[PDB]
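Next comes run.txt, a file with compact mmCIF, C-alpha atoms and all ligand atoms.
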# COMPACT_ATOMS: atom_id res chain seq x y z
CA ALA A 26 -108.38 95.21 42.23
CA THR A 27 -108.04 92.98 45.27
CA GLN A 28 -108.10 94.35 48.79
CA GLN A 29 -104.37 93.60 49.01
CA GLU A 30 -103.72 95.74 45.93
CA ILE A 31 -105.96 98.56 47.19
CA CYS A 32 -104.28 98.66 50.59
CA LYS A 33 -100.75 98.39 49.15
CA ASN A 34 -101.56 101.51 47.12
CA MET A 35 -102.68 103.35 50.29
CA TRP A 36 -99.52 102.53 52.27
CA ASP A 37 -97.22 105.22 50.86
CA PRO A 38 -99.89 107.95 51.24
CA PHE A 39 -100.51 106.71 54.80
CA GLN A 40 -96.79 106.96 55.59
CA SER A 41 -96.49 110.37 53.90
CA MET A 42 -99.36 111.55 56.10
CA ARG A 43 -97.89 109.99 59.25
CA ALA A 44 -94.55 111.74 58.65
CA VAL A 45 -96.22 115.16 58.80
CA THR A 46 -98.41 114.61 61.90
CA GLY A 47 -95.39 115.08 64.16
CA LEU A 48 -94.52 118.55 62.89
CA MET A 49 -95.42 122.04 64.08
CA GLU A 50 -95.60 123.07 60.46
CA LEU A 51 -98.00 124.65 57.96
CA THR A 52 -96.03 124.66 54.68
CA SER A 53 -98.33 125.15 51.70
CA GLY A 54 -96.33 122.48 49.87
CA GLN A 55 -96.87 120.16 52.84
CA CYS A 56 -100.61 120.84 52.79
CA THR A 57 -100.53 119.92 49.09
CA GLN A 58 -98.96 116.54 49.84
CA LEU A 59 -101.23 116.04 52.89
CA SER A 60 -104.39 116.72 50.89
CA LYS A 61 -103.16 114.45 48.10
CA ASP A 62 -102.43 111.71 50.63
CA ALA A 63 -105.88 112.07 52.18
CA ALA A 64 -107.46 111.86 48.75
CA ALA A 65 -105.52 108.67 47.99
CA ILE A 66 -106.88 107.02 51.14
CA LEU A 67 -110.43 108.23 50.45
CA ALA A 68 -110.17 106.84 46.92
CA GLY A 69 -108.81 103.53 48.19
CA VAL A 70 -111.51 102.87 50.78
CA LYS A 71 -114.21 103.93 48.31
CA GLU A 72 -112.84 101.45 45.78
CA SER A 73 -112.90 98.76 48.48
CA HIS A 74 -116.42 99.77 49.53
CA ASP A 75 -117.78 99.67 45.99
CA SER A 76 -115.90 96.75 44.44
CA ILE A 77 -114.96 94.31 47.24
CA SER A 78 -118.34 92.73 48.03
CA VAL A 79 -118.01 91.16 51.48
CA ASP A 80 -120.81 92.21 53.84
CA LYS A 81 -122.38 95.37 55.26
CA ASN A 82 -119.83 95.65 58.10
CA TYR A 83 -117.00 95.76 55.55
CA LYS A 84 -118.74 98.75 53.96
CA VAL A 85 -119.11 100.63 57.27
CA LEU A 86 -115.46 99.93 58.17
CA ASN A 87 -114.42 101.55 54.89
CA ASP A 88 -116.80 104.43 55.67
CA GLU A 89 -115.17 105.05 59.04
CA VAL A 90 -111.69 105.29 57.51
CA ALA A 91 -113.21 107.76 55.03
CA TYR A 92 -114.84 109.71 57.88
CA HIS A 93 -111.46 110.47 59.44
CA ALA A 94 -109.63 110.89 56.12
CA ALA A 95 -112.09 113.63 55.18
CA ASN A 96 -111.63 115.26 58.58
CA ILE A 97 -107.86 115.29 58.01
CA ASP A 98 -108.36 117.03 54.66
CA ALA A 99 -110.62 119.62 56.32
CA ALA A 100 -108.22 120.18 59.22
CA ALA A 101 -105.33 120.58 56.80
CA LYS A 102 -107.25 123.18 54.78
CA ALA A 103 -107.90 125.08 58.03
CA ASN A 104 -104.25 124.71 59.13
CA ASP A 105 -105.33 123.00 62.37
CA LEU A 106 -102.51 120.54 62.92
CA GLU A 107 -103.74 119.40 66.35
CA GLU A 108 -106.92 118.28 64.61
CA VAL A 109 -104.87 116.66 61.83
CA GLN A 110 -102.99 114.78 64.55
CA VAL A 111 -106.04 113.53 66.42
CA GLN A 112 -107.98 112.59 63.28
CA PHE A 113 -104.97 110.67 61.95
CA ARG A 114 -104.75 108.65 65.15
CA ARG A 115 -108.46 107.84 64.82
CA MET A 116 -108.05 106.99 61.12
CA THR A 117 -105.27 104.59 62.12
CA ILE A 118 -107.66 102.83 64.51
CA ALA A 119 -110.16 102.64 61.64
CA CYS A 120 -107.62 100.91 59.38
CA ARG A 121 -106.72 98.51 62.19
CA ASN A 122 -110.37 97.67 62.96
CA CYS A 123 -110.85 96.10 59.55
CA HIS A 124 -107.53 94.24 59.76
CA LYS A 125 -108.37 92.77 63.15
CA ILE A 126 -111.89 91.73 62.14
CA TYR A 127 -111.24 90.39 58.61
CA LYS A 128 -107.56 89.33 58.66
CA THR A 129 -107.50 88.39 62.31
CA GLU A 130 -104.63 85.90 62.22
CA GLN A 131 -102.19 87.90 60.07
CA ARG A 132 -99.85 90.54 61.49
CA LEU A 133 -100.74 93.73 59.63
CA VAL A 134 -99.78 97.38 59.67
CA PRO A 135 -100.69 99.94 60.96
CA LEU B 27 -132.54 97.78 66.16
CA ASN B 28 -131.08 101.25 65.69
CA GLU B 29 -128.29 100.30 63.30
CA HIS B 30 -124.90 101.95 63.69
CA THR B 31 -123.99 104.20 60.77
CA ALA B 32 -120.45 105.35 60.12
CA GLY B 33 -118.91 107.82 62.49
CA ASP B 34 -115.99 108.60 64.74
CA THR B 35 -114.00 105.46 65.48
CA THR B 36 -113.83 106.34 69.19
CA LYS B 37 -117.63 105.87 69.28
CA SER B 38 -117.74 102.84 66.99
CA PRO B 39 -118.78 99.27 67.85
CA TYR B 40 -116.02 98.04 65.53
CA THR B 41 -113.38 99.52 67.80
CA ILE B 42 -114.93 97.58 70.70
CA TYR B 43 -115.23 94.42 68.58
CA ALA B 44 -111.53 94.84 67.73
CA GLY B 45 -110.72 94.91 71.43
CA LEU B 46 -110.47 98.51 72.66
CA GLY B 47 -110.50 98.44 76.45
CA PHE B 48 -110.54 94.63 76.62
CA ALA B 49 -108.09 91.83 77.14
CA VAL B 50 -107.41 89.90 73.93
CA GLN B 51 -109.27 86.87 75.29
CA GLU B 52 -112.32 89.06 76.04
CA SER B 53 -112.34 90.81 72.64
CA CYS B 54 -114.95 89.68 70.08
CA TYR B 55 -112.51 89.55 67.17
CA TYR B 56 -110.35 87.01 69.05
CA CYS B 57 -113.10 84.37 68.77
CA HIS B 58 -115.46 85.86 66.14
CA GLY B 59 -112.78 87.23 63.79
CA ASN B 60 -112.12 86.14 60.20
CA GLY B 61 -115.09 88.23 59.15
CA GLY B 62 -117.48 86.73 61.67
CA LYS B 63 -116.84 83.13 60.54
CA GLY B 64 -114.70 82.32 63.57
CA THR B 65 -110.97 82.20 64.24
CA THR B 66 -108.93 79.11 65.05
CA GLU B 67 -109.37 79.88 68.76
CA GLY B 68 -113.08 80.62 68.37
CA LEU B 69 -113.71 77.39 66.45
CA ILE B 70 -112.02 75.38 69.22
CA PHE B 71 -114.64 76.94 71.52
CA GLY B 72 -117.46 76.21 69.09
CA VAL B 73 -118.36 79.72 67.88
CA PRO B 74 -121.20 79.92 65.33
CA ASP B 75 -120.79 81.40 61.84
CA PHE B 76 -122.16 84.96 61.83
CA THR B 77 -122.06 84.98 58.01
CA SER B 78 -124.49 82.03 57.83
CA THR B 79 -128.13 82.79 57.14
CA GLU B 80 -128.81 79.57 59.08
CA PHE B 81 -127.25 80.90 62.29
CA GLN B 82 -128.87 84.32 61.86
CA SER B 83 -132.32 82.70 61.64
CA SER B 84 -131.66 80.98 65.00
CA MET B 85 -131.78 84.26 66.98
CA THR B 86 -134.07 87.26 67.20
CA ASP B 87 -132.65 90.77 67.54
CA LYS B 88 -133.72 90.80 71.20
CA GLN B 89 -132.01 87.46 71.81
CA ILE B 90 -128.74 88.84 70.40
CA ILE B 91 -128.92 91.81 72.79
CA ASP B 92 -129.79 89.55 75.72
CA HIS B 93 -126.93 87.24 74.79
CA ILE B 94 -124.33 90.00 74.64
CA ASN B 95 -125.47 91.18 78.09
CA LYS B 96 -125.55 87.74 79.68
CA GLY B 97 -122.88 85.73 77.86
CA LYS B 98 -123.06 81.96 77.48
CA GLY B 99 -120.29 79.54 78.32
CA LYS B 100 -117.03 80.76 76.83
CA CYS B 101 -118.75 83.78 75.25
CA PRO B 102 -118.23 86.42 77.95
CA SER B 103 -120.92 88.57 79.49
CA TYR B 104 -120.62 92.21 78.51
CA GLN B 105 -123.33 93.85 80.63
CA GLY B 106 -121.66 96.70 82.49
CA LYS B 107 -118.65 96.50 80.13
CA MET B 108 -120.24 98.60 77.38
CA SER B 109 -123.33 100.78 77.41
CA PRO B 110 -126.79 99.46 76.51
CA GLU B 111 -126.66 101.70 73.43
CA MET B 112 -123.32 100.14 72.43
CA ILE B 113 -124.69 96.61 72.97
CA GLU B 114 -127.54 97.43 70.60
CA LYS B 115 -125.04 98.70 68.00
CA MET B 116 -123.05 95.51 68.56
CA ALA B 117 -126.14 93.41 67.84
CA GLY B 118 -126.33 95.21 64.50
CA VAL B 119 -122.68 94.35 63.81
CA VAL B 120 -123.49 90.67 64.42
CA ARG B 121 -126.43 90.91 61.98
CA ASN B 122 -124.36 92.73 59.38
CA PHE B 123 -121.95 89.85 58.73
CA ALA B 124 -124.74 88.02 56.88
CA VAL B 125 -125.98 90.75 54.53
CA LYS B 126 -124.50 92.85 51.74
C1 LIG C 201 -111.38 96.52 55.39
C2 LIG C 201 -112.65 97.29 54.96
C3 LIG C 201 -110.05 97.32 55.35
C4 LIG C 201 -109.78 98.63 55.57
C5 LIG C 201 -110.71 99.77 56.03
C6 LIG C 201 -108.34 98.80 55.53
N1 LIG C 201 -107.75 97.60 55.18
FE1 LIG C 201 -105.78 97.22 54.88
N2 LIG C 201 -106.19 95.23 54.46
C7 LIG C 201 -107.47 94.68 54.50
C8 LIG C 201 -107.37 93.28 54.20
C9 LIG C 201 -108.53 92.28 54.12
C10 LIG C 201 -105.88 93.00 53.97
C11 LIG C 201 -105.21 91.67 53.61
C12 LIG C 201 -105.00 91.67 52.11
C13 LIG C 201 -104.61 90.29 51.67
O1 LIG C 201 -105.53 89.52 51.29
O2 LIG C 201 -103.39 89.96 51.72
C14 LIG C 201 -105.23 94.27 54.15
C15 LIG C 201 -103.87 94.45 54.03
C16 LIG C 201 -103.22 95.65 54.19
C17 LIG C 201 -101.82 95.90 53.93
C18 LIG C 201 -100.79 94.87 53.43
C19 LIG C 201 -100.64 94.93 51.91
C20 LIG C 201 -99.58 93.94 51.48
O3 LIG C 201 -98.46 94.39 51.12
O4 LIG C 201 -99.84 92.71 51.50
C21 LIG C 201 -101.58 97.18 54.22
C22 LIG C 201 -100.22 97.91 54.08
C23 LIG C 201 -102.83 97.79 54.66
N3 LIG C 201 -103.82 96.80 54.64
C24 LIG C 201 -102.96 99.11 55.05
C25 LIG C 201 -104.13 99.76 55.36
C26 LIG C 201 -104.30 101.16 55.72
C27 LIG C 201 -103.13 102.14 55.93
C28 LIG C 201 -105.61 101.39 55.94
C29 LIG C 201 -106.33 102.68 56.39
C30 LIG C 201 -105.97 103.95 55.56
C31 LIG C 201 -106.31 100.15 55.66
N4 LIG C 201 -105.38 99.20 55.30
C32 LIG C 201 -107.67 99.97 55.75
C33 LIG C 201 -108.64 95.34 54.76
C34 LIG C 201 -108.78 96.67 55.08
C1 LIG C 202 -114.13 83.61 73.06
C2 LIG C 202 -113.47 83.86 74.43
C3 LIG C 202 -115.30 84.57 72.70
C4 LIG C 202 -115.35 85.91 72.78
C5 LIG C 202 -114.24 86.90 73.17
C6 LIG C 202 -116.63 86.33 72.23
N1 LIG C 202 -117.39 85.22 71.90
FE1 LIG C 202 -119.30 85.25 71.33
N2 LIG C 202 -119.30 83.27 71.35
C7 LIG C 202 -118.23 82.44 71.73
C8 LIG C 202 -118.65 81.06 71.81
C9 LIG C 202 -117.81 79.85 72.22
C10 LIG C 202 -120.11 81.09 71.42
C11 LIG C 202 -121.08 79.91 71.36
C12 LIG C 202 -121.76 79.88 72.73
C13 LIG C 202 -122.84 78.82 72.77
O1 LIG C 202 -122.83 78.00 73.72
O2 LIG C 202 -123.71 78.79 71.87
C14 LIG C 202 -120.43 82.46 71.15
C15 LIG C 202 -121.68 82.88 70.75
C16 LIG C 202 -122.02 84.17 70.44
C17 LIG C 202 -123.26 84.60 69.83
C18 LIG C 202 -124.44 83.68 69.43
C19 LIG C 202 -125.23 83.31 70.68
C20 LIG C 202 -124.96 81.88 71.08
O3 LIG C 202 -124.73 81.02 70.18
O4 LIG C 202 -124.95 81.61 72.31
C21 LIG C 202 -123.20 85.93 69.70
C22 LIG C 202 -124.26 86.89 69.13
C23 LIG C 202 -121.93 86.36 70.25
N3 LIG C 202 -121.20 85.26 70.68
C24 LIG C 202 -121.49 87.65 70.27
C25 LIG C 202 -120.29 88.03 70.78
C26 LIG C 202 -119.92 89.42 70.95
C27 LIG C 202 -120.80 90.61 70.48
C28 LIG C 202 -118.68 89.43 71.45
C29 LIG C 202 -117.80 90.64 71.79
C30 LIG C 202 -118.54 91.66 72.70
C31 LIG C 202 -118.27 88.04 71.67
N4 LIG C 202 -119.28 87.18 71.26
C32 LIG C 202 -117.05 87.64 72.15
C33 LIG C 202 -116.95 82.82 72.02
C34 LIG C 202 -116.58 84.13 72.18
Just dump the structure as structure tokens.
Ligand code: HEC
Ligand code: HEC
Amino acid sequence: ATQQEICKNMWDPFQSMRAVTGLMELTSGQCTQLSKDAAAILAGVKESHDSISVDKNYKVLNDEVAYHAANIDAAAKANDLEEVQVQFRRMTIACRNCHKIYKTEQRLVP
Amino acid sequence: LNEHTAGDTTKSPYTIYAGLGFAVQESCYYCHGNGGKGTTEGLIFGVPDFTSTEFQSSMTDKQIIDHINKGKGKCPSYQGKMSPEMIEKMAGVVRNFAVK
């Protein structure tokens, strides 16, 4: 898959995760979706890491999205929504770092 | 160099490269974006190609650190704008555009 295909596939999980970061909640069904969304992002950045051969920085940028995605999964399992919130903000910066460095002249989300 | 390995994005050189705490025109990605090859704006200013083995062989590690501190021409000086430890991480980011 291309990077564009990988990222397109992460966009709905990213939005599903974003929608829950503004709650007070702890619904077991919402932790199920949240963990599944975090796994989709982890899978996407690992696929980019392993199969989109750019340079070493590109690998570390994927790793730093994964760093925060795994923290979100942990925080969700512990029902620590403040941590979910902060780690999701940091994961969003991690997504944006790659976009600004490698697609500098295209307007991209998030 | 002590290379930066993946961690919290608030402590990452990539966040600084992508302009955290800096004006756009003082942010590395503005001139050295497009994966280190140079943006339109950076090419107007004559940026080198960080992905080129030719450019990389023109500088030592120490010269990259000294450059980031001191600046040169339109490349801004960053001494006192990030920590010495961050500058050393940034030198590794510069190196890492040319390797797999
Ligand atoms: C580099 C290692 C990246 C990481 C980490 C993330 N993204 Fe990305 N993204 C990247 C590139 C090079 C591109 C341009 C693709 C192209 O060639 O067109 C993108 C693009 C997107 C898109 C747009 C997809 C489309 O419909 O065209 C989205 C929605 C996107 N990126 C989202 C996204 C998210 C949410 C990320 C963190 C979980 C993320 N990306 C990381 C490179 C990289
Ligand atoms: C445009 C306003 C720039 C910004 C922001 C950054 N750089 Fe730059 N850089 C720029 C130019 C025009 C040049 C060539 C300067 C010259 O006369 O040769 C450079 C050069 C570098 C180099 C190579 C050293 C050199 O050729 O002098 C490095 C390692 C470098 N720049 C790093 C760098 C970093 C880490 C930046 C963000 C902290 C950064 N530059 C921003 C233009 C611009």
Counting all atoms listed in the file, a student should be able to say which residues of chain B come within 12 Å of chain A; what is the right answer, written as a PyMOL selection string? chain B and resi 29-46+50+53-68+76-78+115-126
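The gap separating atom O3 of ligand LIG 201 (chain C) from atom CA of residue A:76 is 18.8 Å, in Å to one decimal.
Restricting the calculation to only C-alpha atoms, the smallest distance between residue A:26 and any of A:109, A:70, A:99, A:133 is found for A:70.
Here atom CA of residue B:47 stands at a distance of 19.1 Å from atom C21 of ligand LIG 202 (chain C).
Reported to one decimal place, the separation of atom CA of residue A:77 from atom CA of residue B:80 is 23.4 Å.
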Do you know which residues are at most 9 Å from residue A:32 counting only C-alpha atoms, after dropping those on the same chain fewer than 6 positions away, and could you put them as a PyMOL selection string? chain A and resi 66+69-70+73
May I have the protein, DNA and RNA residues with any atom at most 10 Å from the point (-114.3, 80.7, 76.6), counting only C-alpha atoms, written as a ChimeraX atom specification? /B:51-52,57,67-68,70-73,98-102
